[PDB]
Structures are given as structure tokens and as C-alpha cells.
Amino acid sequence: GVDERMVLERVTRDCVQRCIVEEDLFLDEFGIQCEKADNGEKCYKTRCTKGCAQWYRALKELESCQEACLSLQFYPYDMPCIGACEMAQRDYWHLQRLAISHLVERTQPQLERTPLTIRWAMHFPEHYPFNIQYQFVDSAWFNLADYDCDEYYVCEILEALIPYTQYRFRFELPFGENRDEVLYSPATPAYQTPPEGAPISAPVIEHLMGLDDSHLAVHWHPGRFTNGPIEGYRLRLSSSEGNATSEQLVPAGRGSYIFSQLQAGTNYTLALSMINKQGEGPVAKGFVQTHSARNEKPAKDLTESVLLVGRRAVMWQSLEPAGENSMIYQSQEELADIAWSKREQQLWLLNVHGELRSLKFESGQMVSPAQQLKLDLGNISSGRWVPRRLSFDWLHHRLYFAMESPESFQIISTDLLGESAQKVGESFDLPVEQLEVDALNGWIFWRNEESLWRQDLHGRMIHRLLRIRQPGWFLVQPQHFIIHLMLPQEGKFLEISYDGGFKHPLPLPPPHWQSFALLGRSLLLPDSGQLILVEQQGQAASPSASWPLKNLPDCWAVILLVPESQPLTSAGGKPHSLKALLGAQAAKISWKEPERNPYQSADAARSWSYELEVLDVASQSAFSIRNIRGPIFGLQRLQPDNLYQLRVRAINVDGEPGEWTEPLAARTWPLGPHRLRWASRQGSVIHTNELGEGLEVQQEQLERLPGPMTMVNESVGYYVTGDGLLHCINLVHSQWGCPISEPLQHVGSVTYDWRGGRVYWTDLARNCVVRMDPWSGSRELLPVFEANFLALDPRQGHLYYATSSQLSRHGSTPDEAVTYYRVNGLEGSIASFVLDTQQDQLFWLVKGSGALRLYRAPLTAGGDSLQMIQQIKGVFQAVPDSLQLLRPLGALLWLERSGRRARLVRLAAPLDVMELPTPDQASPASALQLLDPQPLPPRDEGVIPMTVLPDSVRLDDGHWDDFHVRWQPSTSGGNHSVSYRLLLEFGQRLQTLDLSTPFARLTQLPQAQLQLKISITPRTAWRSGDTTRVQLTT
Ligand SMILES: *[C@@H]1O[C@H](CO)[C@@H](O[C@@H]2O[C@H](CO)[C@@H](O)[C@H](O)[C@H]2NC(C)=O)[C@H](O)[C@H]1NC(C)=O
Ligand SMILES: *[C@@H]1O[C@H](CO)[C@@H](O)[C@H](O)[C@H]1NC(C)=O
Ligand SMILES: *[C@@H]1O[C@H](CO)[C@@H](O)[C@H](O)[C@H]1NC(C)=O
């Protein structure tokens, strides 16, 4: 069209103007040095204008730019023609990327449905390698492989997909090899795949735990791939030493089940699998033991006591065979509720008139008289909240109430002086008949006329546990997470967990009972004349023990005076996710808290302290540190380059230790100041240490999103800004030191060779590698194609390069071309690579589809092995050209794509991937680099080839068909191999040779009387020499 021809004329005009302006910028390999108006084939201008005449013939004919620019005079590669072809081709693809991007990103694909069919109604211009991608809804985008498509982009999906999943699709459109050229299509509606077959994912067990000696709880949420709607579950509990297995089919709505009637101290195996309409899925297994059998002490051996509470009396009775009965307090009015303390020994009373009286006691005797403690409600009350029920928080020392306003019923918390009222929960209409606080698990349970409830201590999670008509006395086990509730009208006795899902009736012995207590498996039951200890299956006519009562006709509450009624200790402690970051003399160790049960709220007791064990591995000596208040610790005064073994455990408020963590093995750095250099995305540079502390904000200010900076010498550095710009800063004195005035577009990475004294970068526009002298600014085009990242070995001069597909080595001759890795582009691309010189190794990162893989290879020409070191399966990936080698640690270091963390993999221990946090004044980071402690060595004079003398160029005597031109053999200081690039200028035609000999075996000369111009360019693998231009007549 007419829009296409303007793009072709603009790209061709910009290409010809680019060959005009850059005609003196590059030194050619043969030392050409044309004038500004010569118009001969040797020059930069004619070959570069040959590059801009064959860029559109190379796209339509679909030939490479190296295949299109194939000259017999310049063999094997013509650098200005190939370079002008690739900048003109990526200028064309950049203009076609901006020409279509609104119509690409505004029109949206539609799914129609037999195989799955995507319809994408785009009308592309006639002026003109698409990829279809998929993403799992509730990740990263993965490349789809099997698709058959029409030319109108109605695309049929032939890849077999996972059933009963949601899939969102898009069209990735790559304009040309450049990654930026890719334009993404908009998002699709999520598609339910039709379900078939068995499930392929196991259920995920969140909390599997033992409640007591005869109960065992499991909580789970379903796994990711279900392949149908859930019809139910299959739970199979099997003993390790036993022949009785219990199978239970639990339906789809339940995510918790509690096994009952088990055995004590038996370490159980639970099989958990999904059930759908088509089959049964895989089995997830977990290992737990039940608790030990609690001691059924006989009726002769009982040293505990009970509190027997009437309407008008509080009575103390010891549980001895000789029963001691004493009257603690007698009131002239009726009581409503009490509270009690085990360690403070305080016993608050609340009457029917709503006056709160406090009292203290020991051994059934009153040691402090009953003072009246009034409630200072303050701004919380709206007036006349007279109290009805009462309970006590034994951890936060709070009194929890339930009042009455004549209008509504409200639970508050107040202090032991009544000074701090906090309204908890919302108002409700039914009266509380019993109020209990679970202080250890952070719950409060109350019971009304029709039901039983559950709040936490701040009122956040309100749950109704049970609906039953007229419930009686309920008692709370905090250690076993079971509420035992008596039903007096129905005559049974019922056993409820804290979520309310597990209920179980128990045999109540027949008399009505209006209170109970639970001593072991036995049941303390009051009457009007006696208190009996019955073991839950026996009759009331034959108890295990009996205690007579005289002055208590009515007894609505029995409170057992044990410390297990009000515990301090959660009795389960296991710290997890132990991590450690290490320096030379110090370590930064972070773990997490022990995890919360489903029967524990956010107001639970989380008062654990920690003990960390540090084991020296080489000497087997352990020092143990204690009383760590928090989930982090910083170790100090360690030994450098030593392996340490680290375990941690939790110590509860009682001081009872928990179970040790599975050990982490980690090694300190070697001794020395090891300075890590950071660069923020704003452009600021700080210098930290091994641990990320000791920050020094440097004076230099870089450009936005910089890469790693390559030293040439101690003033001048070169870095690649992340839009593609290559910069140059003198850190010391800024008005001199840098040969380039402007930044350079379309540069991938940059390296420096210290021996040749040459800066190497990848020109992504020219698809080649540019070698540049930093003292002068003369550039040299090198025939290394499609390279993104470079490295050079200084011992022999091999250039190691990374394509997005391959990783290879460029030598002086093409016999030395060794390719180390190849990957398909749908599988992934190489993210960065590191050449190791001292141990003769290579490392590279491969950015996969949802994965990050790390590899290793030697530097031999015949490769011995190739080891995949470590794989990270996640959406978080690396910054490209950010892999660094830590040669003191023996480790690899890369920066993650978010820029707020970095990953370290040690070569001795690859499984432990250390996380190092980015410091706060450079907190979005784009570069991380370990500084070399030694300075850079200067330029070797033993790699510079000497100039061939102009009087030494002579012709040997021979015929006209076979001439021989010879010269003095150029050498260097170190005796390296010196090769020669040669130019023959006779008549109009030209002839170029590459030689490894100081003579030239010359043929195909036409005749005699020929004036013959000779150019000698000596070179080594690091650096080319000056050009010797003589004039010789045959
Ligand atoms: C670091 O290297 C730079 C070149 O990259 C050196 O600067 C050159 O030094 C001479 C001597 O004064 C100047 O006349 C040149 O103009 C500089 N070259 C360029 C290209 O600008 C510099 O000497 C080095 N610095 C140190 C401290 O060694
Ligand atoms: C429970 O039994 C399994 C073997 O079936 C064993 O691996 C596990 O350690 C046992 N748990 C204990 C002893 O706590
Ligand atoms: C190079 O060879 C010469 C001639 O034998 C010798 O004197 C010199 O030491 C050699 N230099 C090196 C660096 O090997």
C-alpha cells in the first residue's frame, strides 16, 4: 500500500544517512581508510549502501542478512553490509510494531465450541510467526504447542488440556527476533474444560493433630487439579501396630473430620483422597500420634478439690476419702455467677442484684474479707448496664462480664480494678446462662436459651457451635480443644469440638443433674445430699467415691480446682521456615513462629521464647544460645570459611522446651572486606558488605535502571542502561576520561578484556559484537552473530557468547567453535551466563516457562559432562545479565526481577538457596555486583603485534601465474600466534586473504606490468596491530 512505501522510504533514507554519518567510526579489519568521496568497493560507504539496498529483498526472499550480503571479495563476512541490513530490518520491524499496536491490543479473542477453537478477528494490513499462550486462572503465561490455524486466524487447539480447570488464552505476536517487538493480544474469558477421569492431585492437609488420647483431628483444603465436581472424600485411618483400619466417607462441604474412640499413644497413618463421579484420586499421607493415657488415679489416691456453689452458699470439698467440708462464703441474697483463679486464688462473686464482690481463699478458708468492687464503665456504658454473668481471663488478667440494660445483652471485658471497659461483640437478645473464657486459645464461649456460641477476645470471629433445646452445664478443656456439654432434659451428655462439627453423645448415668465436672474419664456429679465420682458407664447407686453434703440443697456449679483447668501452656511447639544469611564474621538467622491451630484464634497465647543451637561441623562442638525474644537473631563472632549446623526450638512460658527444627547447614564467607555494589533503579549506588549492612552511599548518580558496571580502569566505567543505552561515567574527574560524547542505543551487555585493553559489547541493532579501544574510541566489528551476553577468557583470547537459544565460543579459527548448550525458544531462553577462568567452568541461567534453571559445564573442546545445578519453580525470575560469580564464597549470585531480593546458590550445597534482602536506600535494585578487591591489571604489551616494516615487503622471483609476496614476521612480547589479514588492490578488482603464514601463496593475477598495492594487518587473539601500506611493482 501507500502506507508501506513511506515506511520503506523512511527506513532506506535513514539507513543511507546512517551510512553517511558513520563512514569514519569503525576501523575495518584490513585497514581500508578511504576518503569522504571515493566511491570505491573497499570503503565503508559502498558496502554499507549495499547493505541498505538489500534489506527488503532479504525479508521477502526470507534469506538471512549474511546470506544476502555474500561477497567474493570480502569472505566469509562483509561487516558493513550485514550490519546495515540488520539495522534496516529492525527499523522496519519497529515501525511495523508501532503501526499495528493499537489494533493488536484493542481487539479481543473469542472462544467458540469437539476440539477447542479460538477466534481472533484481526484484519492485518496486506503489508504484513505467532504464538498462542495459555494461563491458569487462580500464574505465568505458558506457550501452547499444538495448534492448527486458518489464515483468517481461527485457531483450533489440539493440545490435550487438564480437565476441570480455568484457562485464559492470548496471542503472542513477535514482529522479529527482538524481544521488545513482541505485542500481546488482550485477555480471553476463562474457559471451563469438560471434566473426565480420576483426580490427579492429592488433597492438601493443612493441620493434622491429636486432640487427646482418644481423638485425632485433620483439616484440609482441596488440591489444585480435581477433574470433576467433588462427590466426597475418603479418609482411612490405619494403625502402625494394629489390624483395625477405619474408613469414613466425608462429603464435599466438610473440610474437617475428627476420629473418635481411638487408642492412647498410637502413632497413626491417615490416607486422604478425593472422590468424584469418575473415580478416586491420589492419596495424601500424614503421620501423627495421639496423646498419652491420662492417669486414672483411684479413689484412695485423690488430692484435688472441688468448689460447690449454690444460690446462697459457696462450699469447698476436698476429694480425699476423709472429706473435709467448709463454708467459704454465705450471702444474704442469691448468687448468679462466679469466677475463679488458680494462681491468684481470687474468687469473684456476682449476685442477683448485680453487685460484684471479690474474695481470696486458700484450703477452704477465707483469708481476705469480701470487698465490694464496683465497675467503672465510663464512656462505654449508655446507662444501667447491671451485670448477670461472670468469667475470668487468666492470662491477660481481664474480667469478662455479661450485663443487662432494660430496653439487650452485652459482653464486655474489664480489668481487675474495673478501670478499663472494652465492648466486645455485638448486642443480642437471648440471656447468657453461662459464660466461659478460653484464655489460652483466645476464645470466649457462652450459652443462651436455645444454642451455644463462640467469640474470640476481640469479637472478630463469631461462630454458633450448636443448636439444641435447653442445654445444661458446659465445661471447656483448653488442652484437648473439646467442650463437654451436659443435656439434662434429654438425659444424655454430649462432646463438642471448638468448631462445632464433631459432636458425639456419651452415656450419662441416670439419677436431674444440673452441673458436672470432669476428673479424668470419671464424672463428678452433685446432688442435694451427696457428690459422686462415676466413671461414665456405672450407675449412681455404685459410685467409685462419695462425699456427703449437708447445708447445700441446691448446687448449680462444680468447679474442679486443678491447674489443668486454667493452663498456661499450649503444649505444642515447632518453629518452621528456618533461614540464614551469613557473612564472614556474622550471621542473620530468621525463622517463623509456631503455627496456629484451627481451634486457636488470633488472641491466643503466643508467648514462646527460642533456643538456637549452633554446631561446628568440623570440630563437633556446640554452643547453645537462649532467651531469644523474637523470630530473628543476629549471630556474631563466628569463624570465617567454616561450616555450621543450625537448629532452633521453642521454649514456652513455663520453660518446657519443644522439638528441634530439622538442621540447616551453612558456611561463612572467607576473611576480607567483600564489598557488594548495588545500583538502584533511580540511579543511586551504595556499597554494602556480605550481609547487606555497612552502607556507603557513593557520590556518583547513574541513569535510570542501570545494569552492572564494567571497569576499564579506576576512573572510567561502562554500564548498560536497561532501555538499551550504553553509558560511560568517569567517577573521579568528570570532564575527561570518556571517549564517547553520546550514549549508544541498542546495546545488550558490555565486558572489558584487560589484556588487550578492549571493550566488547553486543550491538543488538547490527546483530554483531563491537570491539572498542577506550583510550582512543576506535571501534571494530566482529563476526559474532545474535549474541546477547559476552565474556572473554584472558589466557587464550576466546570470546564466549550467549544467544537466547545457544551458548558457544568464538575463536580465531573456526576449528575452535565449541557450542556448550542449545535450548528451544518455546522451552525457554538463557537469562545470563558467567565464564569462570580459574577452575575452567561455565555457568548459565535458563529462564524457563515458570521455572529458573542453573547449569554447569567445563571448558574442554570435547565436553565431559553437563550438570543442572538447581531449579527454582516459581513466577519469580532473574534480571537478565545479573548472574555473578562469588569466587571467595564459591557461589553464584543473581538479582530477582522485583529488585527487592537476591538469591545465592553455593556450589558445595546447591539445595539451600540463600535469600539476601536489598537495602532500603536502594530498594528497587537493578544491578548487584561483588567488587574485585585487587585492582585491574594494565594492558599487556606482549599481546600487541608489532608493525611490519615497509622495506621488508618484497616479491619473490616467480612466474606471472604464481607470485609470492613475503614480509618480515611480526611478533609480540609474549610469543603468541600472529595472523595476517591481507588486501590486494590492483586495477579495479580486489582480493582479500586471511593468513597464518608470513608469505602469501598468490594466484589468479592477469598479466605483467601490474601496479600492486599491499596492506598488512597483523593481529593476535586480543588485539589487532597497525596497517602497513606499501606500493610494489611486479
Ligand atoms: C582511566 O582511563 C582513561 C581512558 O579511558 C584515561 O584518560 C585518558 O588520559 C589522558 C592523560 O591525561 C587524557 O589526555 C585522555 O584524554 C584520556 N582519554 C580519554 C579517551 O578521554 C585515564 O588516564 C585513566 N585514569 C587513571 C586515573 O588512570
Ligand atoms: C509414626 O510411624 C511412622 C512409620 O509408619 C514413622 O515414620 C514416624 O516417625 C512415627 N512417629 C513417631 C515415632 O513419632
Ligand atoms: C619469546 O621467545 C624469545 C626467543 O626465544 C625468548 O627470548 C623469550 O623469552 C620468549 N618470551 C616469552 C614470554 O616466552
# chains A, B, ... in the order shown; residues from 1 in each chain; ligands from 1
>>> residues_around(residues="region 624-640 of chain A", least_positions_apart="3", cutoff="8 Å", atoms="only C-alpha atoms", output="list in words")
residues 584, 585, 586, 587, 588, 589, 590, 591, 592, 593, 608, 609, 610, 611, 612, 613, 614, 668, 669, 670 and 671 of chain A
>>> residues_around(residues="residue 388 (chain A)", least_positions_apart="4", cutoff="9 Å", atoms="only C-alpha atoms", output="list in words")
residues 336, 337, 350, 351, 352, 353, 354, 401, 402, 403, 404, 431, 432 and 433 of chain A
>>> residues_around(residues="residue 886 (chain A)", least_positions_apart="5", cutoff="9 Å", atoms="only C-alpha atoms", output="NGL selection string")
:A and (891-893 or 906 or 930)
>>> atom_distance(atom1="CA of residue 947 (chain A)", atom2="CA of residue 1017 (chain A)")
8.3 Å
>>> residues_around(residues="residue 897 (chain A)", least_positions_apart="5", cutoff="6 Å", atoms="only C-alpha atoms", output="PyMOL selection string")
chain A and resi 877-879
>>> write_last_selection(atoms="N, CA and C atoms", output="mmCIF file, in the first residue's frame")
data_model
loop_
_atom_site.group_PDB
_atom_site.id
_atom_site.type_symbol
_atom_site.label_atom_id
_atom_site.label_comp_id
_atom_site.auth_asym_id
_atom_site.auth_seq_id
_atom_site.Cartn_x
_atom_site.Cartn_y
_atom_site.Cartn_z
ATOM 1 N N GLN A 877 11.602 -14.611 38.840
ATOM 2 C CA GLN A 877 12.731 -14.967 37.997
ATOM 3 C C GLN A 877 13.804 -13.896 38.108
ATOM 4 N N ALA A 878 14.875 -14.089 37.349
ATOM 5 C CA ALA A 878 16.062 -13.261 37.473
ATOM 6 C C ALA A 878 16.015 -12.061 36.537
ATOM 7 N N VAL A 879 16.729 -11.014 36.927
ATOM 8 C CA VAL A 879 17.108 -9.947 35.994
ATOM 9 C C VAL A 879 18.090 -10.526 34.979
#
>>> residues_around(residues="residue 606 (chain A)", least_positions_apart="6", cutoff="10 Å", atoms="only C-alpha atoms", output="ChimeraX atom specification")
/A:440-441,569-570,593-596,652-653
>>> residues_around(residues="residue 296 (chain A)", least_positions_apart="6", cutoff="12 Å", atoms="only C-alpha atoms", output="MDAnalysis selection string")
chainID A and resid 302 518:523 535 544
>>> write_last_selection(atoms="C-alpha atoms", output="PDB file, in the first residue's frame")
ATOM      1  CA  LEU A 302      -7.094 -38.210  95.177  1.00  0.00           C
ATOM      2  CA  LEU A 518     -14.631 -33.989  84.600  1.00  0.00           C
ATOM      3  CA  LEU A 519     -11.821 -35.673  86.545  1.00  0.00           C
ATOM      4  CA  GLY A 520     -10.003 -37.905  84.075  1.00  0.00           C
ATOM      5  CA  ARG A 521     -12.542 -40.142  82.384  1.00  0.00           C
ATOM      6  CA  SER A 522     -14.659 -40.013  85.556  1.00  0.00           C
ATOM      7  CA  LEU A 523     -17.592 -37.665  86.145  1.00  0.00           C
ATOM      8  CA  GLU A 535     -16.736 -43.417  85.612  1.00  0.00           C
ATOM      9  CA  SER A 544     -16.241 -45.014  92.819  1.00  0.00           C
TER      10      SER A 544
END
>>> decode(residues="region 261-325 of chain A", atoms="C-alpha atoms", output="PDB file, in the first residue's frame")
ATOM      1  CA  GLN A 261     -12.850 -43.963  70.054  1.00  0.00           C
ATOM      2  CA  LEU A 262      -9.140 -44.443  69.350  1.00  0.00           C
ATOM      3  CA  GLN A 263      -6.274 -45.816  71.443  1.00  0.00           C
ATOM      4  CA  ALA A 264      -3.771 -43.968  73.597  1.00  0.00           C
ATOM      5  CA  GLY A 265      -0.250 -43.278  72.376  1.00  0.00           C
ATOM      6  CA  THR A 266      -0.728 -44.922  68.976  1.00  0.00           C
ATOM      7  CA  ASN A 267       1.095 -43.318  66.083  1.00  0.00           C
ATOM      8  CA  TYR A 268      -1.377 -43.317  63.228  1.00  0.00           C
ATOM      9  CA  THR A 269      -1.417 -43.267  59.432  1.00  0.00           C
ATOM     10  CA  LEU A 270      -4.122 -41.279  57.629  1.00  0.00           C
ATOM     11  CA  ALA A 271      -4.963 -41.813  53.951  1.00  0.00           C
ATOM     12  CA  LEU A 272      -6.808 -38.877  52.362  1.00  0.00           C
ATOM     13  CA  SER A 273      -8.144 -38.897  48.799  1.00  0.00           C
ATOM     14  CA  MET A 274     -10.806 -37.140  46.742  1.00  0.00           C
ATOM     15  CA  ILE A 275     -13.858 -38.845  45.251  1.00  0.00           C
ATOM     16  CA  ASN A 276     -15.633 -37.530  42.161  1.00  0.00           C
ATOM     17  CA  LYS A 277     -18.162 -39.137  39.788  1.00  0.00           C
ATOM     18  CA  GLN A 278     -15.458 -40.891  37.729  1.00  0.00           C
ATOM     19  CA  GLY A 279     -13.104 -42.320  40.355  1.00  0.00           C
ATOM     20  CA  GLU A 280     -10.828 -41.729  43.327  1.00  0.00           C
ATOM     21  CA  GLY A 281      -7.738 -39.530  43.308  1.00  0.00           C
ATOM     22  CA  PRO A 282      -4.262 -39.917  44.807  1.00  0.00           C
ATOM     23  CA  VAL A 283      -3.625 -40.485  48.495  1.00  0.00           C
ATOM     24  CA  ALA A 284      -2.058 -37.827  50.711  1.00  0.00           C
ATOM     25  CA  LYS A 285      -0.478 -39.255  53.839  1.00  0.00           C
ATOM     26  CA  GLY A 286       0.376 -37.684  57.166  1.00  0.00           C
ATOM     27  CA  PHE A 287       1.800 -39.001  60.405  1.00  0.00           C
ATOM     28  CA  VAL A 288       0.516 -38.095  63.867  1.00  0.00           C
ATOM     29  CA  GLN A 289       0.266 -39.803  67.255  1.00  0.00           C
ATOM     30  CA  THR A 290      -2.491 -39.478  69.806  1.00  0.00           C
ATOM     31  CA  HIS A 291      -1.680 -38.275  73.300  1.00  0.00           C
ATOM     32  CA  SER A 292      -0.666 -40.477  76.219  1.00  0.00           C
ATOM     33  CA  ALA A 293      -3.192 -42.016  78.589  1.00  0.00           C
ATOM     34  CA  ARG A 294      -4.025 -39.642  81.419  1.00  0.00           C
ATOM     35  CA  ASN A 295      -3.709 -41.212  84.838  1.00  0.00           C
ATOM     36  CA  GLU A 296      -6.861 -42.729  86.328  1.00  0.00           C
ATOM     37  CA  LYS A 297      -5.925 -42.303  89.966  1.00  0.00           C
ATOM     38  CA  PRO A 298      -8.052 -44.410  92.361  1.00  0.00           C
ATOM     39  CA  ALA A 299     -10.497 -43.169  94.978  1.00  0.00           C
ATOM     40  CA  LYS A 300      -7.969 -43.696  97.777  1.00  0.00           C
ATOM     41  CA  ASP A 301      -5.395 -41.537  95.951  1.00  0.00           C
ATOM     42  CA  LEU A 302      -7.094 -38.210  95.177  1.00  0.00           C
ATOM     43  CA  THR A 303      -5.551 -34.976  96.471  1.00  0.00           C
ATOM     44  CA  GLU A 304      -7.621 -32.494  94.446  1.00  0.00           C
ATOM     45  CA  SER A 305     -10.642 -30.428  95.465  1.00  0.00           C
ATOM     46  CA  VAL A 306     -13.911 -29.042  94.111  1.00  0.00           C
ATOM     47  CA  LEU A 307     -15.917 -25.840  94.579  1.00  0.00           C
ATOM     48  CA  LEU A 308     -19.627 -26.471  95.142  1.00  0.00           C
ATOM     49  CA  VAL A 309     -21.695 -23.345  94.527  1.00  0.00           C
ATOM     50  CA  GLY A 310     -25.330 -22.822  95.482  1.00  0.00           C
ATOM     51  CA  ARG A 311     -27.712 -19.897  95.240  1.00  0.00           C
ATOM     52  CA  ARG A 312     -26.719 -18.666  98.712  1.00  0.00           C
ATOM     53  CA  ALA A 313     -23.509 -20.546  99.577  1.00  0.00           C
ATOM     54  CA  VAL A 314     -20.054 -21.402  98.224  1.00  0.00           C
ATOM     55  CA  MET A 315     -18.721 -24.671  99.626  1.00  0.00           C
ATOM     56  CA  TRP A 316     -15.248 -26.227  99.495  1.00  0.00           C
ATOM     57  CA  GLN A 317     -14.892 -30.015  99.482  1.00  0.00           C
ATOM     58  CA  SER A 318     -11.661 -31.983  99.277  1.00  0.00           C
ATOM     59  CA  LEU A 319     -11.675 -35.141  97.159  1.00  0.00           C
ATOM     60  CA  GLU A 320      -9.992 -37.257  99.868  1.00  0.00           C
ATOM     61  CA  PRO A 321     -11.635 -40.407 101.326  1.00  0.00           C
ATOM     62  CA  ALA A 322     -11.908 -38.374 104.513  1.00  0.00           C
ATOM     63  CA  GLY A 323     -13.866 -35.459 103.101  1.00  0.00           C
ATOM     64  CA  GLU A 324     -13.276 -32.005 104.561  1.00  0.00           C
ATOM     65  CA  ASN A 325     -16.260 -29.705 104.027  1.00  0.00           C
TER      66      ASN A 325
END
